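Letter by letter, the chains look like this.
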Amino acid sequence: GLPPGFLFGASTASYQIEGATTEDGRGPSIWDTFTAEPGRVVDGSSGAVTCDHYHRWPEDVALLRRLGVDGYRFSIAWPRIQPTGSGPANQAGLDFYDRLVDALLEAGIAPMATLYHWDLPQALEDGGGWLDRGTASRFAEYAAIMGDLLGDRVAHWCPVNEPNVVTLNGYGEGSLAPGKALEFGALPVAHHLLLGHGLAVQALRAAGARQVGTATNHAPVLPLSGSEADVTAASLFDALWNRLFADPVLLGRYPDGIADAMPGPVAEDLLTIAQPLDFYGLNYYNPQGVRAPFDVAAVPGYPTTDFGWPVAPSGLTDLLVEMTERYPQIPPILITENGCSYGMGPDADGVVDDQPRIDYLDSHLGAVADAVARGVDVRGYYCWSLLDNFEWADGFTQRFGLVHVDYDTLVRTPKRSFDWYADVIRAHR
């Protein structure tokens, strides 16, 4: 029950797939720094090699072509473009994405480029990172560079991936790079990510870009009990996770209380943040349980992925309906990420039977169709991920791919899910 012309895609991110961390003049990122620290990554791995997409991208483009996706979402590695985050572009970095995008177009695939998927150049973090308002300006300059190179050819742009994760996990509790734990002292990071977003939208449009949207994580937020402290906690988490990032982009305001806590000319900044968008991109995995200033835990009574995350497709329908209630002028929605961790690999016959991933993706596509049937204008779905890859602090232990990757041999093996998705896409055309 999906709309005619609904877009099917798959998604990746630069640090998670590329490898070649020290090749062609690439600068160190905060993830290079983080993964070099003992105890940061559960299996002691890094993105030094990962899938080695930097050398194997033709094979991967061919996989996308055989899958028959309409769209491919990828990220650009800012450290390949500006090793220190400022100054003239590195030509080898430009060349890599120039060639990749031309190949996607030859294959008939609509490229979706994420400018910032968490790999901040370390030189910028050394000066304060996203706590510095100047980092927003450096990001706008980088956006102009990539718009000048690719703006006529990229179909869709996502400036900042999951700014909520960058803020709360990167700078708030420090579970992800750069590992700062400022709690509410991380609020300026949210402001500067949003300002960076807005400035990048302007830079892309100026460069001749086609469609510009977002890729923000959203989730329904459920109180784990009836306690005021718990409903109040859940409301605050919803305000901080969802509204803090959606309200400024879509309504040109912060949730109640938050503007007063932000640095700089906040009213002027909100004009910059709230640039008109062509689409709203959202990343969904599951509802979030909250209690008791809050603690997050899994909502009970659902089956869980290998990451321990609830499998709750009805949550996507609920979110899509609620977003449309909160933001009646919201542009067409793309699901810029949805997917699941399940660890099966090739059996003795070389087959990866990942039926649980099929069940998850099938149910989520159904949930999208259920929202469409209630009048939610959703226009596409991008599966996280094409490839098994480096999952941040969990290293290689959480496999999200349609395609299995053996990290020793670098062989790709399409899973059963790959063939299932290919058939779904074909049937819908």
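A chain's residues are numbered here from 1, following its sequence as written, a convention that may not match the entry; residues for which no coordinates exist are omitted. Note that water and hydrogens are dropped before the side-chain values are worked out from all heavy atoms of the structure.

### Overview of the overall build of the protein
Along the protein, the regular secondary structure elements total 14 helices and 14 strands. A compact globule built from 429 residues would reach a C-alpha radius of gyration of about 22 Å, and the protein, at 20 Å, matches this within 12%. The buried share of the protein, taken over its 429 residues, is 60%. The Shrake-Rupley method, run with a 1.4 Å probe, gives the accessible areas here. Residue values count only the displayed protein chains as cover. Just so you have it, the protein exposes about 15,400 Å², and 51% of that area is on carbon and sulfur atoms. What counts as a helix is a DSSP run of H or I of at least four residues, what counts as a strand is a run of E of at least two, and both are numbered from the N terminus. Only the C-alpha atoms count toward the radius of gyration. The rule for a globule is 2.2 Å times the residue count to the power 0.38. Whether a residue is buried, partly exposed or exposed follows from its accessible area with a 1.4 Å probe, protein chains only, as a fraction of its type maximum: under 20%, in between, or over 50%, in that order.

### Notes on the UniProt feature "active site" (unreviewed entry) in the protein
As recorded in UniProt, the feature "active site" (unreviewed entry) lies at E162 and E337. Within the secondary structure, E162 is located in the loop between β4 (156-160) and α8 (163-172). On the basis of relative accessibility, which here comes to 6%, the residue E162 falls in the buried class. With residues near it in sequence (within four places) discarded, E162 still touches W118, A215, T216, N217, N283, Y285 and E337. By the secondary structure assignment, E337 is in strand β11 (residues 333-338). Between two residues, a contact is recorded if the distance between any of their heavy atoms is within 4.5 Å. When residues no more than four places from it in sequence are discounted, the contact partners of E337 are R73, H117, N161, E162, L282, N283, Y284, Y285, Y382 and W384. UniProt positions are given in the numbering used here, feature names are shortened, and annotations may be inferred rather than shown by experiment.

### Observations regarding the pattern of salt bridges
Throughout this description, the term salt bridge denotes a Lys or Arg side-chain nitrogen within 4 Å of a carboxyl oxygen of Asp or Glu. This structure, assessed with the given rule, holds 21 salt bridges. Here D269 and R133 are joined by a salt bridge, their closest N and O atoms 2.8 Å apart. With a gap of 136 residues between them, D269 in helix α11 (residues 266-273) and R133 in helix α7 (residues 133-150) connect regions that are remote in the sequence. What makes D269 buried here is its relative accessible area of 3%. The partly exposed category is assigned to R133, whose relative accessible area is 33%. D354 serves as the salt-bridge partner of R357, at 2.9 Å between the closest nitrogen and oxygen. For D354, a relative accessible area of 0% puts it in the buried group. Residues joined by salt bridges that share partners form a network here, namely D238, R243, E322 and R326.

### Topic: the UniProt feature "binding site: substrate" (unreviewed entry) in the protein
Those residues carrying the UniProt feature "binding site: substrate" (unreviewed entry) are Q16, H117, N161, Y285, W384, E391 and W392 in this numbering. Take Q16: it is sitting in helix α1 (residues 14-17). Residue contacts for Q16: discarding those within four places in its chain leaves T50, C51, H117, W384, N389, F390, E391 and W392. Turning to its location among the elements, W392 is positioned in the loop between β12 (378-384) and β13 (403-405). When its relative accessible area of 4% is taken as the criterion, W392 is described as buried. Dropping the residues within four chain positions of it, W392 is found in contact with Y15, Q16, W31, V41, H117, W118 and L176.

### Section: the packing of helix α3 (residues 53-67) against helix α14 (residues 416-428)
A fitted line through C-alpha atoms serves as each axis, taken over the contacting stretch for helices, and the angle formed by two N-to-C directions is quoted from 0 to 180°. Across the interface, α3 lies against α14 with an axial gap of 9 Å and an inter-helix angle of 50 degrees. Between α3 and α14, the crossing angle belongs to the class labelled oblique. Contacts between α3 and α14 involve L63, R66 and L67 from the first element and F418, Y421, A422 and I425 from the second. Residue composition of the contact of α3 with α14, grouped by class: 6 nonpolar, no polar and 1 charged. Working definition: roughly parallel below 35 degrees, roughly antiparallel above 145 degrees, roughly perpendicular at 65 to 115 degrees, and oblique for all remaining angles. Classification convention: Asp, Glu, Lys, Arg as charged; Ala, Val, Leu, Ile, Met, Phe, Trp, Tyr, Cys, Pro as nonpolar; all other residues, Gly among them, as polar.

### Description of helix α10 (residues 228-251)
Taking 1.5 Å per residue, 24 residues should reach 34 Å; α10 reaches only 28 Å between its end C-alpha atoms and comes up short. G252, located one to two residues past α10, shows a positive phi value of around 70 degrees. One less than the number of residues in a helix, times 1.5 Å, gives the span that helix is expected to have.

### Regarding the sheet that holds strand β10 (residues 295-297)
By this definition, two strands are paired if DSSP reports at least two bridges between them. Taken together, the 3 strands give an open sheet; going across it, the order is β7-β9-β10, and neighbouring strands pair in mixed fashion. Either end of the sheet is taken by a strand with one partner, and the two such strands are β7 (221-223) and β10. Across the sheet, the mean angle from the axis of one strand to that of its neighbour is 40 degrees, orientation sign disregarded. Judged from the 3 bridges that link them, β7 and strand β9 (residues 288-291) form a sheet pairing that is parallel. For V221, the partnering residue across the bridge sits in β9 and is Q288.

### Things to note about the nonpolar core
Soluble globular proteins tend to pack their nonpolar side chains together in the buried interior. Only buried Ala, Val, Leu, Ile, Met, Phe, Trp, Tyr and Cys residues count toward a nonpolar core, and they belong to the same one when joined by side-chain atoms within 4.5 Å. Counting residues in each nonpolar core, the largest one holds 132 residues, and the members touching the most others are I76 and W157. Once residues lying within four places of it in the same chain are set aside, the contact partners of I76 are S14, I81, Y97, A113, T114, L115, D119, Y142, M146, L150 and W157. If you look at the next biggest cluster of nonpolar residues, it comprises 6 residues, including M112, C158, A215 and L334.

### Here's the deal with the sheet that holds strand β1 (residues 7-11)
Overall, parallel pairing links the 9 strands, which are arranged β5-β4-β3-β2-β1-β12-β11-β8-β6 in an open sheet. In this open sheet, the two edge strands, each paired with only one partner strand, are β5 (211-212) and β6 (216-217). Bridge count for strand β3 (residues 110-116) against β4 is 4 bridges, and the pairing is parallel. The partner of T114 across the bridge, within β4, is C158. Helix-sheet contacts for helix α12 (residues 314-326) involve β8 (280-283), β11 and β12, and the interaxial angle to β11 is about 145 degrees.

### A look at unusual backbone geometry
A negative phi angle characterises most non-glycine residues, just as the trans form characterises most peptide bonds. Put simply, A177 and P178 share a cis peptide bond, and its omega is 5 degrees. Examined against the element boundaries, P178 turns out to sit in the loop between α8 and α9 (187-206). In this structure, the amide linkage connecting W384 to the following residue, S385, adopts the cis form with an omega of 10 degrees. Mapped onto the secondary structure, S385 falls in the loop between β12 and β13. Unusually for a residue other than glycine, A20 sits at a positive phi of about 50 degrees. You can call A20 buried: its relative accessible area is 7%.

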